[PDB]
Novice: 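After the structure tokens below, expect a handful of questions from me.
In what follows, every heavy atom counts, from backbone to side chain, and hydrogens, waters and symmetry copies are set aside. A, B, ... follow the sequence lines: proteins, then strands. Residue 1 opens every chain.
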Amino acid sequence: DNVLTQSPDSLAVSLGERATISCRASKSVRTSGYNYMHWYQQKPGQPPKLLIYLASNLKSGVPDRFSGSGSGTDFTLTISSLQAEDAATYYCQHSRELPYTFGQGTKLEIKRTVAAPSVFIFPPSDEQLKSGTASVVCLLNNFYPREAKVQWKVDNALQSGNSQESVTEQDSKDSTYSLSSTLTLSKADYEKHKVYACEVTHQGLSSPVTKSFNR
Amino acid sequence: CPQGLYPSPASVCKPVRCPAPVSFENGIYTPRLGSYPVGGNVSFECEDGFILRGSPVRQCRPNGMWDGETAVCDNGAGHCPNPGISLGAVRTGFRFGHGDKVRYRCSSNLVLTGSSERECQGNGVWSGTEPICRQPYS
Amino acid sequence: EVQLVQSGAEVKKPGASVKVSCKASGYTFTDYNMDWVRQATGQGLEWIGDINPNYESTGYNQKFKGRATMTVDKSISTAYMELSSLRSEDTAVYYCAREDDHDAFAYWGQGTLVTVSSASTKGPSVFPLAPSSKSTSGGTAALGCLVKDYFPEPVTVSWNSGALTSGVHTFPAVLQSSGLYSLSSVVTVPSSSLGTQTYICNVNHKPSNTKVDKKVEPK
Amino acid sequence: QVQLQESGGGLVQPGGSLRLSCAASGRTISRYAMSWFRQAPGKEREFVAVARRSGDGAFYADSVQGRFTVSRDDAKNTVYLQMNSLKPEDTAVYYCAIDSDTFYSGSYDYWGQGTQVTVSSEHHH
Ligand SMILES: *[C@@H]1O[C@H](CO)[C@@H](O[C@@H]2O[C@H](CO)[C@@H](O[C@@H]3O[C@H](CO[C@H]4O[C@H](CO)[C@@H](O)[C@H](O)[C@@H]4O)[C@@H](O)[C@H](O)[C@@H]3O)[C@H](O)[C@H]2NC(C)=O)[C@H](O)[C@H]1NC(C)=O
Ligand SMILES: [Ca+2]
Ligand SMILES: [Cl-]
Ligand SMILES: [Cl-]
């Protein structure tokens, strides 16, 4: 099968500036005078939308800040002047042979200045505790870039294997992210310990910050 | 209707489309569509160990017929050549030795012209004529 | 103009089969193949197969190993995709997609979520994430709801029946080792409002036909 | 075990320009993000800028956006901070640090000793 490799996997671009995404095919998609490579945009909760067909042709209704170029195996999608509505995942796709295959996707986000997270913590509710389980939640609010590390400590012992985390998409108003990390323990283990802490690392912090409570 | 369009029964003037291959054994064709616009081209390619006979590139004409000759991927192992499947037709019978036979039918509203059955003769030639699925209009 | 409309979300056990429908309108159905494409969550797009309505002939991605069967019913302009011997890895959004004359996917259905799991359908438990001195910064306080142990996706969370939208962050669900989902929704509000304004999170889980309202107040 | 050394500090007048360097030894830094921080007397250490891997972008604090530029020379194992339109409040010790996390979470394990930048009219004619 033809393998399509897109680069970068993600990129942050300032509004008004040029964005370029590349797609490299392991086999030529060119035959009969046409390059059978197409580009799509996808936003959350929606199907992909066709933007560019046969490498360089704009579909009707697509703004002309979008363009495509390349031939053979190497293709590029360019947005000449990024606008807020252009934040999305972009996919290349060939139609040279079966199976049709897609690139892995390139996430295009809006660049802004660095913001370290505001860190909050929530003990389990008494209602949950009665049912036998304790969820402790650490919230990292309104930070940029997305990459961050959260570590849980319980009476100063580092934890592993008993937390999960989730991150929002970029906020439509301030272009930041928020993240939640949830530590899950049995009621019995929760009541054996006093201090519950989340340590947060982020490129905008000179050292990690810790938020904690005493049970 | 004007040239390159066909009406609803009797007399919506819809565009003519040429028929896609039902199958193209031991090869591929591009673009792979359900039907093809007037002026569109289809290009055929064979897999390893096969000979491409017929027209490698065919264009869809305004009367809904393809130009050129039916493409086929032939391994040359038969007593007769691979008779192919003309575009719009379906074929039954996949043995090409002496005495073997194939049968053809068209699809949708297409009108079969030519031999609906052909036998592999002693001199290596298929009997009859190639079936061609013509558009009912035109 | 052209519209492709798919059947609703499905939940299946491993080993079962699922059949997804795609009704086409706005064009001559037999002019074009219908294709099927799937996407796992946070993952890429994978082509399944296609069918030509003129012949009912098909092509398939070999990776599915004959598990996918495509059919059409021309009388109602509908295409179907049946995927058998389902695995949890088949959990995905399934799309019907229709080519244009350039063999690009110009038209797509809305997508159908198929969840493949041994879990049984269950409504969430909803617990408060109470504001406190540990969730305050400046004059603002964060508070929320933990929506735990439901199956399948999705849940919808609103605050004060949708009367509160600014500052809300509803996180993507995580799948727990139990096979049930969990998510949190949080909102930031003025600390001065905590003594006078009530805050309720409204959780709607359509697969279990459950609705829960939870008041969130300081301890 | 990475050694970082900043250079380029000095006395510049307001509105002036200056380029700092940070050279690394004991490890090739091309796989790692490199950040600049600064600390003025009696104030907390502040983030300035990060240069991720070549092709992954550069990101800035609000306080320096538009005026400062970070860049890298991977062949020289060096990163740079170009500083324009300097203000007296940019006076600080400027530090470089390596993010040891290739996934960019900000695990700043090794730091330079810093270089002094003083923005003042005092020793300029
Ligand atoms: C299938 O293959 C066929 C053979 O290669 C293709 O036929 C060719 O099609 C092109 C385009 O239709 C023909 O060129 C002509 O173009 C003029 C218009 O030209 C004006 O615009 C062009 C830019 O597009 C500009 O350069 C000029 O200044 C003009 O003002 C049309 O009026 C004609 O219809 C004609 O189409 C070639 O003549 C034609 N070649 C052959 C050998 O017939 C066909 O396009 C392919 N089909 C598909 C769907 O790809
Ligand atoms: Ca197709
Ligand atoms: Cl535009
Ligand atoms: Cl870069």
Novice: Could you look at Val37(C) and say if it's the side chain, the backbone, both or neither that has a heavy atom under 4.5 Å from chain A?
Specialist: side chain
Novice: Out of curiosity, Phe120(A) CZ to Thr140(C) OG1, how far, rounded to the nearest 0.5 Å?
Specialist: 5.5 Å
Novice: Please look at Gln93(A) and chain C and tell me whether the side chain, the backbone, both or neither of the residue comes under 4.5 angstrom of a heavy atom of that chain.
Specialist: side chain
Novice: How far apart are the closest heavy atoms of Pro172(C) and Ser166(A), and which atoms are they?
Specialist: O-OG, 2.7 Å
Novice: For a quick test of reading the model, state the closest non-hydrogen atom pair linking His169(C) to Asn141(A) and the distance between them.
Specialist: CD2-OD1, 3.4 Å
Novice: Does atom NZ of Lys43(A) have more than 12 heavy-atom neighbours from other groups under 6.0 Å away?
Specialist: yes
Novice: Report which part of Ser166(C) has an atom under 4.5 Å of a heavy atom belonging to chain A: side chain, backbone, both, or neither.
Specialist: neither
Novice: Within this structure, what is the CG-OG distance for the pair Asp35(C) and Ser95(A), rounded to the nearest 0.5 Å?
Specialist: 10.5 Å
Novice: If I take atom CG from residue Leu54(A) and atom CG from residue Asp100(C), how far apart are they, to the nearest 0.5 angstrom?
Specialist: 8.0 Å
Novice: Quick check for you: among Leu179(A), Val137(A), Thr101(A), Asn142(A), which has the greatest number of heavy-atom pairs under 4.5 Å with chain C?
Specialist: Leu179(A)
Novice: Distance check, rounded to the nearest 0.5 Å: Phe127(C) atom CZ versus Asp126(A) atom CG?
Specialist: 11.5 Å
Novice: Measure distances from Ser180(A) to the heavy atoms of chain C and classify the residue's part below 4.5 Å as side chain, backbone, both or neither.
Specialist: both
Novice: If you take all heavy atoms of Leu50(A) and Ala106(C), which pair is closest and at what distance?
Specialist: CD2-CA, 3.7 Å
Novice: When you compare the side chain of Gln62(C) with that of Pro99(A), does any pair of heavy atoms fall below 4.5 Å?
Specialist: no
Novice: Using side-chain heavy atoms (C-beta onward) and a distance below 4.5 Å, is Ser182(C) in contact with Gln164(A)?
Specialist: no
Novice: Over 60° means perpendicular and under 30° means parallel, so tell me whether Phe105(C) and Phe102(A) are parallel, tilted or perpendicular.
Specialist: parallel
Novice: To check you understand the geometry: which heavy-atom pair defines the closest contact between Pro48(A) and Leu45(C), and what is its length?
Specialist: CG-CD1, 3.9 Å
Novice: With a 4.5 Å cut-off on heavy-atom pairs, point out which of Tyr36(A), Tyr40(A), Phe213(A) contacts chain C the most.
Specialist: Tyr40(A)
Novice: Return yes when atom CZ of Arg65(A) has more than 12 non-hydrogen atoms of other residues, nucleotides or ligands closer than 6.0 Å, and no otherwise.
Specialist: yes
Novice: Side chain from CB out, backbone as N, CA, C, O: work out which of these in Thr136(C) comes under 4.5 Å of a heavy atom of chain A, or both, or neither.
Specialist: backbone
Novice: Which distance, rounded to the nearest 0.5 Å, do you find between the NZ of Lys49(A) and the CH2 of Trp108(C)?
Specialist: 12.5 Å
Novice: In Å and rounded to the nearest 0.5 Å, what is the CD to CD distance from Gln43(C) to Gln104(A)?
Specialist: 11.0 Å
Novice: Decide yes or no on side chain to side chain contact (heavy atoms under 4.5 Å, CB included) for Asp1(A) and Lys63(C), but give the supporting numbers first.
Specialist: CA-CA 11 Å; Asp1(A) 307 0; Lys63(C) 291 184 174 180; 4.2 Å; yes
Novice: Against chain C, label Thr89(A) side chain, backbone, both or neither, depending on which of its atoms sit under 4.5 Å from a heavy atom there.
Specialist: neither
Novice: Report the C-alpha distance between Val167(A) and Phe171(C) in whole Å, list the side-chain angles of each, state the deciding distance to 0.1 Å, and finish with yes or no for side chain to side chain contact (heavy atoms under 4.5 Å, CB included).
Specialist: CA-CA 6 Å; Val167(A) 186; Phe171(C) 293 91; 5.9 Å; no
Novice: Taking all non-hydrogen atoms of both residues, which atom of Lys134(C) and which atom of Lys211(A) are closest, and how far apart?
Specialist: O-CE, 3.3 Å
Novice: Report, as yes or no, whether the 6.0 Å neighbourhood of atom NZ on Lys219(C) holds more than 12 heavy atoms from other residues, nucleotides or ligands.
Specialist: yes
Novice: Is there a side-chain contact between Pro47(A) and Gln39(C), using heavy atoms and a 4.5 Å cut-off?
Specialist: no
Novice: At a 4.5 Å cut-off on heavy atoms, which part of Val168(C) comes close to chain A: side chain, backbone, both, or neither?
Specialist: neither
Novice: Verify the neighbour count for atom NZ of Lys187(A): are there more than 12 heavy atoms of other residues, nucleotides or ligands below 6.0 Å?
Specialist: no
Novice: Which answer fits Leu143(C), side chain, backbone, both or neither, if we ask what part of it has an atom under 4.5 Å from a heavy atom of chain A?
Specialist: backbone
Novice: Does a donor on one side chain sit under 3.5 Å from an acceptor on the other, for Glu99(C) and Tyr100(A)?
Specialist: no
Novice: Checking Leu175(C) against chain A: side chain, backbone, both or neither under 4.5 Å from a heavy atom?
Specialist: backbone
Novice: Looking at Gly105(A), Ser212(A), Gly45(A), which makes the most heavy-atom pairs under 4.5 Å with chain C?
Specialist: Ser212(A)
Novice: Any non-hydrogen side-chain atom of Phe122(A) less than 4.5 Å from a side-chain atom of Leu146(C)?
Specialist: no
Novice: How far apart are the closest heavy atoms of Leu98(A) and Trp47(C), and which atoms are they?
Specialist: CD2-CH2, 3.7 Å
Novice: Which atoms of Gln128(A) are under 4.5 Å from chain C, going by heavy atoms: the side chain, the backbone, both sets, or neither?
Specialist: both
Novice: Is it the backbone or the side chain of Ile52(A) that comes under 4.5 Å from a heavy atom of chain C, or both, or neither?
Specialist: neither
Novice: Using heavy-atom distances under 4.5 Å, tell me whether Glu169(A) contacts chain C through its side chain, its backbone, both, or neither.
Specialist: neither
